[PDB]
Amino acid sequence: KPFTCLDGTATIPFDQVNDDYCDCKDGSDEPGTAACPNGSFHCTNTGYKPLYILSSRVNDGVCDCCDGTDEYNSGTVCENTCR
């Protein structure tokens, strides 16, 4: 099944979700990467409050989530500090 941008602008194949290229104008096709300028990355943050951060802060080398999951391929290893 193909994926549809949440705003309703395009329909892209499922392998273009999180493929590190921005295909949706609202950023909805890249929730886990830094490819869209207006996207958001969700910190689950178990043991504290959940948090949304800018897509531009995924793998920027800076620890933005207390659970450290925004840095998964950047050379920065973030320890969990939610507690």
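Counting begins at 1, following the sequence as shown.
In this entry, 21-29 shows the higher mean Cα temperature factor of the pair 21-29 and 58-66. Looking at mean Cα B-factors across 32-40 and 49-57, the upper value is held by 49-57. Per the PDB record, residue ranking by Cα B-factor puts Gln16 in the highest third of the chain. Sorting the modelled residues of the chain by their CA temperature factor places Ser74 in the middle third.
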